[PDB]
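There is one chain below, alone, in structure tokens, taken in the form solved without ethenylbenzene (SYN).
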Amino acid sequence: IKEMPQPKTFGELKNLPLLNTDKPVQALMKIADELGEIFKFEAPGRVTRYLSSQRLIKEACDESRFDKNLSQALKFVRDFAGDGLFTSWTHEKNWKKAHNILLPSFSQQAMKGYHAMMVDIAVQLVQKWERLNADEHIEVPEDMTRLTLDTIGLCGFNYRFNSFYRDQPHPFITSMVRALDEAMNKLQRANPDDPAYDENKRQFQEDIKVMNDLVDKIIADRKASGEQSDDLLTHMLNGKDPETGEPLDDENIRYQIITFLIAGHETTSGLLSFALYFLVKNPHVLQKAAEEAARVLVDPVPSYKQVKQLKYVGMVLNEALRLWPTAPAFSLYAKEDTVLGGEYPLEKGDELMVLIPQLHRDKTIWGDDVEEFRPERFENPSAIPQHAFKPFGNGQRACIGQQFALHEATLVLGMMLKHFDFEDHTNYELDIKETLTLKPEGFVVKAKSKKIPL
């Protein structure tokens, strides 16, 4: 039985002021590097424990001992994502009901139906880059966020955000990005009751009303039309939970749509941005991925079956998720009193945070080359220890979007590698911006067209 370390304190604010930064996840990663596999983190009225080792996280991933907790970030996002899948407790009726209804919508089989809509947006990205003049560059996270937002609009509810036609965001996205900024900024606030936050609170309520009004209108407009498009909204309007026999109500459907728009905007765009960063910084890896793209993608438009054959591209995406898991943490609570790692007693209700980027740097798992970009690490999943790699979370509360995200990212990265050579023309220094998620900021490249027609 060991006493766990704790980072520096600020009197009655305890560790809270360590989060007073634009990069709190990266600050927690530096704390983990200093203090090791487990540390205590206290704020007024709250204690959690940050886990960084596979040794402890493999125990935390035991669903008999630990269930998903809503971190403060997820409790603040719940003010607009409601009892959608991502911000519901496992024990709320709407979690299992929506999980049962939506699982068939997110299977590998469902991806065959979403593929044509994903190709529509991927072709828009390739045509944009084909049309750049010689003196121009690509704003990588900007263009990847245009793509992933448009994909989930089209597969989610047959709506075109038309992100490649504008710089000014859609009114829904203005409100969603500002609501996510308020939720994440509110985490650090020592004095949230201070009148100085009255305007923030007014604006947040306005942004919730904008998101609710626009998504409620999408649902009402679909029910009125009777249109049976092959999208998540049709699946939610028609689907019945096998257990309860009940469908989702229109309020829960709205929360699921808001949740899918958050995910599409924030996550897959980060993965694609980090993958392109690592490829331009590792030219031998880029060459190997480009060779696979050329060998497999033999038609003007990729098919579902061709994307399934981009195995090395899939290993590139896993190695990008290893070094920079764009959704960088998840939270657990102890279902009963238990001992972690034979050393750290926990009481029922005690909270843990899994720091995914640190888990992914555990040298006892990956070896001394842990900071190197080596997709070949993922050749054989049986050679990877249990719970070493958790970019989609754990167990029944793992990401429902995992198949969707990896299909879109594999398709797009394969088309990018087929159609262009890339230059790191600025010798870009990685700068990671934190929203709900991690993304490179200011990452720019030049593309040189291979002049292969679509």
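From 1 onward, residues are counted along the sequence shown. Take the two forms, find the largest set of C-alpha atoms that superpose within 1.5 Å, and that set is the rigid core.
- As listed in the deposited structure, the average C-alpha B-factor of 272-280 and of 337-345 is greater for 337-345.
- In this entry, the higher average B-factor at the C-alpha atoms falls on 361-369, of the pair 155-163 and 361-369.
- The entry assigns its greatest Cα B factor, within the set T90, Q108, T145, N318, to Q108.
- Based on the entry's C-alpha B-factors, the most elevated value among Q256, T326, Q228, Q127 belongs to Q228.
- For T435, the recorded CA temperature factor ranks within the middle third of the chain's modelled residues.
- Residue-level temperature factors show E266 in the lowest third of its chain, judged at the C-alpha atom.
- Among the modelled residues of its chain, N238 has a C-alpha B-factor that falls in the highest third, as given in the PDB entry.
- In the deposited entry, the Cα temperature factor of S64 sits in the top third of values across the chain's modelled residues.
- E136: CA B factor lies in the highest third for its chain, per the PDB record.
Below, we turn to the form solved in complex with ethenylbenzene (SYN), even though it does not appear here.
- The stretch from 241-249, 261-269, 299-307, 199-207 that comes within 4.5 Å of ethenylbenzene (SYN) in the deposited complex, counting heavy atoms only, is 261-269.
- The single contact residue among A81, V313, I101, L276, judged by any heavy atom lying within 4.5 Å of ethenylbenzene (SYN) in the deposited complex, is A81.
- Taking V285, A110, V215, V77 one by one, only a single residue has any non-hydrogen atom within 4.5 Å of ethenylbenzene (SYN) in the deposited complex, and it is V77.
- Ethenylbenzene (SYN) in the deposited complex comes within 4.5 Å of a heavy atom belonging to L180.
- Looking at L340, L154, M211, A329 after a core superposition between the shown form and the other one, you find that only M211 has a C-alpha shift of 2 Å or more.
- Core-superposed comparison between the shown form and the other one: the C-alpha position of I257 differs by less than 2 Å.
- With the core held fixed, the Cα of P169 is displaced between the shown form and the other one by 2 Å or more.
- Once the cores line up, the CA of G245 ends up less than 2 angstroms apart between the shown form and the other one.
- Compared with the form shown here, the Cα atoms of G226 and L248 move at least 3 Å farther apart in the deposited complex.
- An increase of at least 3 Å in the separation of the C-alpha atoms of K93 and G226 is found in the deposited complex, compared with the displayed form.
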